[PDB]
Amino acid sequence: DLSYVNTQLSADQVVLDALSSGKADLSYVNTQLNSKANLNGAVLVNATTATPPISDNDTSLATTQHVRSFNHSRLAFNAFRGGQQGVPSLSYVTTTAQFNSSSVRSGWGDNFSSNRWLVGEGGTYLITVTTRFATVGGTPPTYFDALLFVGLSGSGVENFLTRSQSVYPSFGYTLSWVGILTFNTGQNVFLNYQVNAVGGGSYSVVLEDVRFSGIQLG
Amino acid sequence: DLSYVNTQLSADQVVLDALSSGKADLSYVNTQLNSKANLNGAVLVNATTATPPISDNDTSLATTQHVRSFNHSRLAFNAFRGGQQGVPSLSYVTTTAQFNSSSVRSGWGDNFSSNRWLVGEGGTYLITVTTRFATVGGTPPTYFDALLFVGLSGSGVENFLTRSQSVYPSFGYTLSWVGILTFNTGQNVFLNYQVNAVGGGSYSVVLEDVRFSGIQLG
Amino acid sequence: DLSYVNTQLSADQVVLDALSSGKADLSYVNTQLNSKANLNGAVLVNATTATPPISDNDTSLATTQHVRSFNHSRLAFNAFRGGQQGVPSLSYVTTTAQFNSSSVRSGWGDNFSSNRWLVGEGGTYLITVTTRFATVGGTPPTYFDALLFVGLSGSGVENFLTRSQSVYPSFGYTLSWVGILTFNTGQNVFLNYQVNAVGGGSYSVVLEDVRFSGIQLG
């Protein structure tokens, strides 16, 4: 009937008004979307995450803090001795220098203990060794010799670094070597030195200011 | 015959159709949100952002340019002397080595003026020094001694580094050293060297081709 | 006719119910958007991108892989000699030591060919050189002289680095040098050494353990 038409039409009109409120406008939705970033070619400002672990090796983003930490973490290890270390035999007898203090990059399996460099991660590395061999007490030898090498007792692989010799050991010489040396993970690496001197009497060669540190390079 | 009721029925239909036309559909929005938008925990593509300043340490995202700039900024100074310099006194007198040219990284306060380096950023640094001492004129000494240490301004600190002693300075000796040191922002650092030599006569020990460069580690 | 209105109302209802089912509903839309990543205040649990090429310098985001590679990529090159070679002339003869093995970083044009380092990329590089000159057999010369300098192909720049001298060179002297050098793109660079010895007889001079390597510092 007449009144019937009124009622049913008013009912669906109410639904139309409910749809109006419950739904989103073209312009409003477009504005909200423009507020966000497109998946491709996304551009943003003042965007930040939580820094992933330094050891992280994935496609995840790195934060400025992350690069700060990483670059500083290429130092690998560092060890030094303050004072003098005796030499047992001046006849090309391999001996391992000691270190009262040492430091190591953390989070890579590296550890320095008992004057040992644990190679936490293998790869290419840069090694810089500087020490001083000197004689104190007695007559300085008429001839001196001291080779510098990255030796390893048991394997004896002595990467020859340098051989400084001179007949004025009474005041000591400083050996300096820098070069590229590769290493494999889990290796217990230590510094070996051999000294040979002829002549003199009551003389004992002395090793001091021993610097031993590495650098990580892939 | 019904009249106004059917015309309002039809009027409602018009508004209803316009309502649908000016709205946001499910299918439409889903496509924008999934294949053409970024989520949280998203997987992204090769997009771009703004380059953060090197000075920052926040968790903002780093760009390849930022990595380049930060890794290249890890030198922080390099001083070089061209020519020659004479040794003032051969009595282990604390002598401040002088420099002709220097360069420092920007954005950290590092400075190399008056032959003294300023610590722009307090922290650990790797310092390398290469000095050359030669005897010119007179008779070569029967004893030549040169001590190298990291002089701190206002103290003449004897941070002993190297002492090369040989009695053949007739042509020239080059002393080089590399090692790790720590410093704090605001500490004025210049290379003080003590040189002593005995024997000979009317000779002149000349310091030349001095290099004093420090590369930051940590 | 009520059937008339009923069929037209059924048409209205068809549109109504279709547009109701197929539409984006506000609460759900807001939920999804909140799940999405805001462009300005972007803070995401994690996110990944294709590892951009190491050479990239745009404002594209950096990956942990990229950070590792670039630092590892900053080695520039390396050159090493295995075995011993004889020094041809002790007469200040400009001689370029040859190399048996050498590696370069990829993706920069760097190449080490003909025992000469081609500067793939211009910039500031830290150069590391280690050479040993030793006299073998017969009478060691009464004096020795060996200049170490970075000769430059095409230009003839024998950058005086260090000079190795001794009166008993029968055991070798390794005056390894380190410092900061600048180079322009495409420059072909080698290393030249001039050796002069005085006195002695029936002695052969040997060059051994030649390491030549640099790293692209800032």
# chains A, B, ... in the order shown; residues from 1 in each chain; ligands from 1
>>> interface_residues(of="chain A", to="chain C", cutoff="6 Å", atoms="only C-alpha atoms", output="mmCIF file with C-alpha atoms, in the first residue's frame")
data_model
loop_
_atom_site.group_PDB
_atom_site.id
_atom_site.type_symbol
_atom_site.label_atom_id
_atom_site.label_comp_id
_atom_site.auth_asym_id
_atom_site.auth_seq_id
_atom_site.Cartn_x
_atom_site.Cartn_y
_atom_site.Cartn_z
ATOM 1 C CA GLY A 22 30.807 3.575 8.072
ATOM 2 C CA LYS A 23 32.769 3.880 4.829
ATOM 3 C CA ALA A 24 35.791 5.881 3.698
ATOM 4 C CA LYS A 36 52.493 6.501 4.014
ATOM 5 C CA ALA A 37 55.312 5.382 1.714
ATOM 6 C CA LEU A 44 61.087 9.100 4.050
ATOM 7 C CA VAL A 45 62.524 11.403 6.705
ATOM 8 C CA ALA A 47 63.182 6.992 9.959
ATOM 9 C CA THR A 48 64.833 4.639 12.425
ATOM 10 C CA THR A 49 64.903 1.027 13.605
ATOM 11 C CA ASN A 57 75.067 -10.629 8.022
ATOM 12 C CA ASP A 58 71.783 -10.256 6.149
ATOM 13 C CA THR A 59 69.831 -7.868 3.929
ATOM 14 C CA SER A 60 68.471 -5.972 6.939
ATOM 15 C CA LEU A 61 69.161 -2.253 7.191
ATOM 16 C CA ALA A 62 72.107 -0.899 9.170
ATOM 17 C CA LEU A 217 89.959 -7.413 6.343
ATOM 18 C CA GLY A 218 87.617 -9.384 4.110
#
>>> residues_around(residues="residue 191 of chain C", least_positions_apart="4", cutoff="12 Å", atoms="only C-alpha atoms", output="count of residues only")
35
>>> atom_distance(atom1="atom CA of residue 142 of chain C", atom2="atom CA of residue 208 of chain C")
21.4 Å
>>> atom_distance(atom1="atom CA of residue 180 of chain A", atom2="atom CA of residue 125 of chain A")
6.0 Å
>>> select_by_dssp(residues="segment 36-179 of chain B", states="strand (DSSP E or B)", output="count of residues only")
59
>>> calpha_fit_rmsd(fixed="chain C", moving="chain A")
1.3 Å
>>> closest_residue(among="A:201, A:109, A:179, A:140", to="residue 76 of chain A", atoms="only C-alpha atoms")
A:109
>>> select_by_dssp(residues="segment 56-178 of chain C", states="alpha helix (DSSP H)", output="ChimeraX atom specification")
/C:64-73
>>> closest_residue(among="C:119, C:87, C:215, C:136", to="residue 193 of chain C", atoms="only C-alpha atoms")
C:87
>>> atom_distance(atom1="atom CA of residue 189 of chain A", atom2="atom CA of residue 207 of chain A")
19.2 Å
>>> closest_residue(among="B:108, B:144, B:4, B:28", to="residue 195 of chain B", atoms="only C-alpha atoms")
B:144
